[PDB]
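What follows is calculated from the coordinates using simple rules that are stated; it is not laboratory data. Backbone-built Cβ (ideal geometry, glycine too); neighbour counts: all protein chains shown.
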Amino acid sequence: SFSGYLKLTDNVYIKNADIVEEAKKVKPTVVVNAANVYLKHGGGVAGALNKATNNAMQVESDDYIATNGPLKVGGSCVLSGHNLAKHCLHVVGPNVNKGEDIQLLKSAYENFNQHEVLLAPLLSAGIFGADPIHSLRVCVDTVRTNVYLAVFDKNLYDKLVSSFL
Ligand SMILES: NCc1cncc(Br)c1
């Protein structure tokens, strides 16, 4: 199971780790992808997760979009986890660099409550442009299920832990 995590609350845990490496080791029931509405896994966590699946996540995602159309910002869909997890929960957090409503970050984290345990990144953090300290606060105040957060950047992980109220 999950190891080396620091407990933040009753249900939120955090570790300085590469989420792809964490997914390969653990093979969680659910790995969360930091998706966009088009499921175009080009960069950040999405590009890294997709590259780990040898592009199978993108092929599956393109078929999903061809059938269903784009997701909503704040929404999600459950697809295969391929070689990383049983399932991948593709969650769309608001992209601040695209002028999207930061208030949608709470709606995005609410998707986690449909799963008892998840391996996840901080939503809207990184290339999505939101403040990761704000994302962690929304996570602990929204998610009630067991969430194991993987933060790739060591310096950011340290900042998040040392500033956690
Ligand atoms: N080394 C794979 C990787 C690349 N980029 C971001 C993350 Br998170 C992980």
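What the table shows:
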quantity	calculated
Some residue of the stretch 75-84 being within 26 Å of residue 161 (Cα to Cα) and assigned to a strand (DSSP E or B)	no
Cβ-Cβ under 8 Å pairs, at least 6 apart or on other chains, the stretch 136-165 side within 14 Å of residue 107 (Cα to Cα) and charged (D, E, K, R), far side away from the ligand (no atom under 16 Å from the Cβ) and not in a helix (DSSP H, G or I)	137/165; 144/11
Any hit, the stretch 73-92, residues being surrounded by fewer than 17 Cβ atoms within 10 Å (Cβ to Cβ), aliphatic (A, V, I, L, M) and over 20 Å from residue 43 (Cα atoms)	no
Considering residues of the stretch 23-48 that are of a type in the set (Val, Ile, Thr) and within 16 Å of the ligand (Cβ to nearest atom) only, the residue surrounded by the fewest Cβ atoms within 10 Å (Cβ to Cβ)	26
Given (1) in contact (Cβ under 8 Å) with a residue 40 or more places away in the chain; (2) of a type outside the set (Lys, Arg); (3) in contact with a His (Cβ under 9 Å, 6 or more places away or on another chain); (4) away from the ligand (no atom under 11 Å from the Cβ), index of the condition residue 57 fails	(1)
